[PDB]
């Protein structure tokens, strides 16, 4: 064929099934309607959304349909991307449930180890707040 090792790396499409455990719920607050957004980090800018899941209504332990991520969407398999879980609101201002910063390589390791990553929230005092809720990688498949 016509593909070097680096060319094959550049052509890899990654299929990922994401799951969350124990999204927060408090009395007097409507249950979350969560979705995930995967965003590419860019110099001097706002992360660029490259993939989003469907919304799952009223679900604190969502499992979403697969997402497909290219190398062009993430930069490279080792490049960190942002993965944020948000609560979909009809008014269109979606509230942050939690953030993770992981590369595709890191998501594959969570899948292989059967381990989750705790969400966190960026704070206005001290370090990020680490939540009890977790993101898991139920499926991680590469194809050319």
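Numbering follows the first chain given and starts at 1.
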{"item": "Segment of higher mean CA temperature factor, 89 to 97 or 75 to 83", "value": "89 to 97"}
{"item": "Of 126 to 134 and 15 to 23, the stretch whose C-alpha atoms average the higher B-factor in the entry", "value": "126 to 134"}
{"item": "Options 36, 48, 112, 104 - largest CA temperature factor per the record", "value": "48"}
{"item": "Lowest, middle or highest third - CA B-factor, residue 57", "value": "highest"}
{"item": "Ranked C-alpha temperature factor of residue 41 among modelled chain residues, by third", "value": "middle"}
